[PDB]
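Each chain, written out:
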Amino acid sequence: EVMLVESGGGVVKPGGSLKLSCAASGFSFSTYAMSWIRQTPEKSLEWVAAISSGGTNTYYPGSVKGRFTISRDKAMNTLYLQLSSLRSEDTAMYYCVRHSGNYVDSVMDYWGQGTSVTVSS
Amino acid sequence: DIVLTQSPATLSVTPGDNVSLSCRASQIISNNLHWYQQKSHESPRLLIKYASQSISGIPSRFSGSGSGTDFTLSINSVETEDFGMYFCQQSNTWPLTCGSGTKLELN
Amino acid sequence: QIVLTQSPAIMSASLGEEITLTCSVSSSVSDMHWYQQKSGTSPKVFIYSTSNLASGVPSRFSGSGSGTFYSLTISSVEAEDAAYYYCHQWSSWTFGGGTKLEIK
Amino acid sequence: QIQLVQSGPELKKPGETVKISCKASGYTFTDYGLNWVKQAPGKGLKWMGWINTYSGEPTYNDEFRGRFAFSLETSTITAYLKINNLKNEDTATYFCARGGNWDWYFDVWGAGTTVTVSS
Amino acid sequence: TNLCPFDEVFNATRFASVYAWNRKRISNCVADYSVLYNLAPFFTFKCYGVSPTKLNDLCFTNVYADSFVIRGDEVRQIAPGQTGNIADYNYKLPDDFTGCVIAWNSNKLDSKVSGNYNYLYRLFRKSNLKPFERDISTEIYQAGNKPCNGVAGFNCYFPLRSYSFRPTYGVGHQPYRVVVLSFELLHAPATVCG
Amino acid sequence: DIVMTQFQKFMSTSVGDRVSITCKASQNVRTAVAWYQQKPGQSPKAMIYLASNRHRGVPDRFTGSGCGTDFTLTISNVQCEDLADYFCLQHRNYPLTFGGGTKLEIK
Amino acid sequence: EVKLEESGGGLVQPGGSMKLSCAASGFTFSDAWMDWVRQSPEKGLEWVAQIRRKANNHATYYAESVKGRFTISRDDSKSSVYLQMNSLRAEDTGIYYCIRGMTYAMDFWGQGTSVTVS
Ligand SMILES: *[C@@H]1O[C@H](CO)[C@@H](O[C@@H]2O[C@H](CO)[C@@H](O[C@@H]3O[C@H](CO)[C@@H](O)[C@H](O)[C@@H]3O)[C@H](O)[C@H]2NC(C)=O)[C@H](O)[C@H]1NC(C)=O
């Protein structure tokens, strides 16, 4: 079995920083690329971050680069994405998503329940 | 890396001459060498890009020659204002590295 | 720059209709995946490399095509397929707008 | 008017961290790189490595692999060379030069930061 | 003990475009494949004809090594059998190939924020490519009864469209450098062995 | 001048069949043949340019080939909305003309 | 995205004149072989005229059935293509489409104008 439950998101005023986390359970972690996919309330997915298998390559789109630093831990079998310098365009549900190969080339197989980050007040 | 032997490192020349430099490489660097000068405690300036072509701002008398691996910087009619040390910095493979300095004084 | 459009966003099917979900690409890409999002849950995978099927789905979805057109064809839809169907290829940074498959 | 101003001289102790600014002025910042080159007194130049100004990812030399870090912020146009654990034999002069992403000739330079460490 | 120059072809600055792919002939080696194996970020490291782990004690006679720059999606087409835009008109492998196909992700190195239009690819040819054959024929397709003397327009089309490579495109349209090693065994005493 | 003969103004097929829309020319045109469809009540589109390749944004059921003096277009697994008029066009010499038309209807 | 606009659905007595415009958007106007065709139910589809690229001196070609009676002129400043026709008869009746380019890629078409004669 493969499951992913995520934790760490909430509400933050504009200009704040947060640290979303992703708990993995059931597969070998060190041979599969993982990436985050967000869903704005207009219900339209997009990429926000993408890491490779060995943790050396990181990719972010041109809208959010330099303020989202994805990471990937080995010793405790977890995964981190930490946010910084939020505008009011990043209010979305954020899924932790596992690919199928050692790169981001493969298809997105197993997803998590996701965390709800809505910038407010 | 690409070690760039600059010999000779100094020149004891007089004004009003035609002087030749040398930046001989080790691996083949097909016209991807640039040349620099640096005076007494300043920042270096650009002289010629891609080993033969000149840039505005410097005088037009500066001329870059040589291709393949052998590169000589020939400047004629040398006057007073060109005291300093002259560099060559390649660009072909990695990491980029510069020569050990060729200094130019005046008799 | 890759922009992936789906045509249209809401599609009508009855229990015994055959239906086609289109996903056109601006430039030429090799493959094109698909995902299904029922509301309240997370999306899962259906079709990878335009022709295979995911583990656990029935044999009523099959896609084909190449170049700048990819189409998902349902032969006989039933009551389980009322959700959003996102198309996405590796080379976009974004997804399709996603078609909804509302039942007639 | 296209120049690259820097910080002033520094005077540190062996073990302190040091920070050198390199502010750009006049040209579009995301159209080039910022190659960082160290000139010791009495030696030639050494290309320590560059930084893409749009992304933010460094690429160091194999000589200066650890013990250095090219950070970057684009709110105020500035690159940094952030040494941790300064040593004795790197008493030098640190430039910053704008070499392109397709050319690699350092044409527009800066005046020069000097970090002489002592006791 | 002359280690043969993989360094002249791996960590180089300006790889040529795919329509004119440079072909370095490596020979008289003591080739050390332990220097390129220790790398995480290789997108593909597929080999054919030889298992990639034990490349040391397999003596060849010539080791050709090519290089170009393509999109991230079209690294699929550098493979024996697949056809499309790159393996039909730019760089075709035969289906008895005995080498390895190595890629990268060079978006930091080969793409400025504006249009980097220095890489070209071929759009058509009158016939498909013979395996390992390069054409630098930059002559306009005439395609009509009128001769149009080398200026394009209606009914006269240019055969090289340009890559763009902006870093806001995608992980599949930012440029991926590709080096193709090719091993061969033509009937001569051994030359390349580590 | 260069005229095109479209000798089947009505081709009759249903869903899942294979259709072959035809277009006969006057003399030998090399590859300079275009292929247009026209949904009823709108402006036409480009199905095939230069008689070999297909356009960016049309499916892979619309495919066609041929060289010489005769040309045709093949539709595989025709769906419920590929129901339109079809025209071929030559552009060898500057007297240009289309075909005549071809109307499909499902039985 | 690229869209084309056209105007002048008109009725003229036989022996008049008619000039119509084509404003474009979304693409580089200075390099495009913007052409013109005609739809009529008696004729199928005919080809009318052409004005070619900027680099080829705005090379002009017409159909031989309307030689002299017509003219074309583009202008890259206002992103427009004008086609003027004079002294028409009942032959030139029908919808005139407005083309971005024929017989290559970027083959976007307009929507036609209901041009008729009395
Ligand atoms: C192309 O150039 C890069 C430099 O930008 C080369 O990468 C570096 O190569 C050196 C020599 O192979 C590596 O140094 C070695 O490191 C090991 C520990 O990893 C050490 O035990 C050795 O004594 C030696 O110092 C260095 O690690 C490596 N750096 C990186 C970031 O890869 C690269 O090797 C060149 N390409 C080829 C094919 O040689």
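Cut-offs and rules
- Residues numbered from 1 in each chain as written, not as in the entry; some residues may be left out.
- Chains lettered and ligands numbered in written order.
- Heavy atoms only, no water.
- Helix = DSSP H or I, 4+ residues; strand = E, 2+ residues; numbered from the N terminus.
- Rg over C-alpha atoms; globule rule 2.2 N^0.38 Å.
- Buried < 20%, exposed > 50% of the residue type's maximum accessible area, 1.4 Å probe, protein only.
- Contact = heavy atoms within 4.5 Å.
- Areas by Shrake-Rupley, 256 points an atom, 1.4 Å probe, with all protein chains shown as cover.
- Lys, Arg positive; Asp, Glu negative; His and termini not counted.
- Charge placed at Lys NZ, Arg CZ, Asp CG, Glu CD.
- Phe/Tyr/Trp six-rings, centres within 6.5 Å; stacked < 30°, edge-to-face > 60°.
- Disulfide = S-S within 2.5 Å.
- Buried area = accessible area lost by both parts, 1.4 Å probe.
- Salt bridge = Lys/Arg side-chain N within 4 Å of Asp/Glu carboxyl O.
- Polar contact = N/O pair within 3.5 Å; in protein donor to acceptor, adjacent residues only side chain to side chain.
- Nonpolar A, V, L, I, M, F, W, Y, C, P; charged D, E, K, R; others polar.

With the PDB entry as reference, chain G is termed Heavy chain of 8H12, source organism Mus musculus. The title assigned to this entry in its PDB record is "Cryo-EM structure of SARS-CoV-2 BA.1 spike protein in complex with three-nAb 8H12, 3E2 and 1C4".

As recorded by the PDB entry, chain A carries the name Heavy chain of 3E2 and is attributed to Mus musculus.

Q: Looking at this structure, I do not really get the overall build of chain G. What am I missing?
A: Of the regular secondary structure elements, chain G holds 0 helices and 9 strands. Helices (α) and strands (β) of chain G occur, in sequence order from the N terminus, as β-β-β-β-β-β-β-β-β. Here chain G has a C-alpha radius of gyration of 14 Å; the compact-globule value for 118 residues is 13 Å, and the two agree. In terms of overall dimensions, chain G has a C-alpha envelope of 40 × 25 × 25 Å along the principal axes. Relative to its full complement of 118 residues, chain G shows a buried share of 48%. In chain G, of all internal contacts separated by at least 6 residues, the share reaching a separation of at least 24 is 51%. Carbon and sulfur atoms form 52% of the exposed surface of chain G, whose accessible area is close to 5,400 Å². Of the charged side chains in chain G, 13 are positive and 13 negative; the average position of the first set lies 5 Å away from that of the second.

Q: Even after reading the chapter, I still don't get the packing of aromatic side chains, so can you show me in this structure?
A: For any pair of aromatic rings, the description rests on two quantities: the centre-to-centre distance and the angle between the ring planes. Residues and elements named next belong to chain D. In the structure shown here, the tally under the stated rule is 53 aromatic pairs over all chains. The interplanar angle of 70° and the centroid separation of 6.0 Å between the aromatic rings of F106 and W109 together place this pair among those described as edge-to-face. The buried category is assigned to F106, whose relative accessible area is 1%. For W109, a relative accessible area of 8% puts it in the buried group.

Q: What exactly am I supposed to notice about the state of the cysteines here?
A: Any covalent bond linking the sulfur atoms of two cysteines counts as a disulfide. Under the counting rule described, the total for this entry stands at 9 disulfides over all chains. Disulfide partner of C23 of chain C: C87 of chain C, at an S-S distance of 2.0 Å. Every disulfide takes its handedness from the sign of the S-S torsion; for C23 of chain C and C87 of chain C that torsion is 75°, giving right-handed. Of this pair, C23 of chain C sits in strand β3 (residues 19-25) while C87 of chain C sits in strand β8 (residues 84-88), placing them 64 residues apart in sequence. Each sulfur in the disulfide pair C22 of chain D and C96 of chain D lies 2.0 Å from the other. On the S-S bond that ties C22 of chain D to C96 of chain D, the torsion sits near 95°, and the link is right-handed. Taken as a pair, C22 of chain D in strand β2 (residues 18-25) and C96 of chain D in the loop between β8 (92-94) and β9 (113-115) lie far apart in primary sequence, 74 residues in all. For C22 of chain D, a relative accessible area of 0% puts it in the buried group. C96 of chain D gets classed as buried once you look at its relative accessible area, which sits at 0%. Looking at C98 of chain B, it has no disulfide partner, and the nearest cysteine sulfur is the one in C88 of chain B, 8.2 Å off.

Q: For this particular structure, what's the right way to read the environment of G16 of chain C?
A: All names here are of chain C. As for its placement among the helices and strands, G16 is situated in the loop between β2 (10-13) and β3. Since its relative accessible area comes to 60%, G16 is described here as exposed. Residues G16 and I74 lie 58 residues apart in sequence; the distance between their C-alpha atoms is 9.8 Å.

Q: I'm lost on the side chain of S67 of chain E in this one. Help?
A: Along the chain, the position of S67 of chain E falls in strand β3 (residues 62-70). Not counting residues within four places of it along the chain, the set of residues in contact with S67 of chain E comprises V9, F15, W21, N22, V178 and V179 of chain E.

Q: I'm lost on the interface of chain C and chain A in this one. Help?
A: Interface size, as often reported, equals the accessible area lost upon joining of the parts. The interface of chain C with chain A comprises 18 residues on the first partner and 20 residues on the second. Interface of chain C and chain A: buried area, both sides summed, is about 1,700 Å²; carbon and sulfur atoms make up 63% of it. Considering only the side of chain C, the residues that lose the most area to chain A are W90, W93 and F95 of chain C, jointly responsible for 40% of the buried surface there. Applying the counting criterion to the chain C and chain A interface returns 0 salt bridges. On inspection of chain C and its partner chain A, the count reaches 6 residue pairs in polar contact. Contributing elements (two or more residues each) for the side of chain C that touches chain A: β4 (33-37), β5 (44-47) and β8 of chain C. Across the side of chain C that touches chain A, the residue classes break down as 9 nonpolar, 8 polar and 1 charged.

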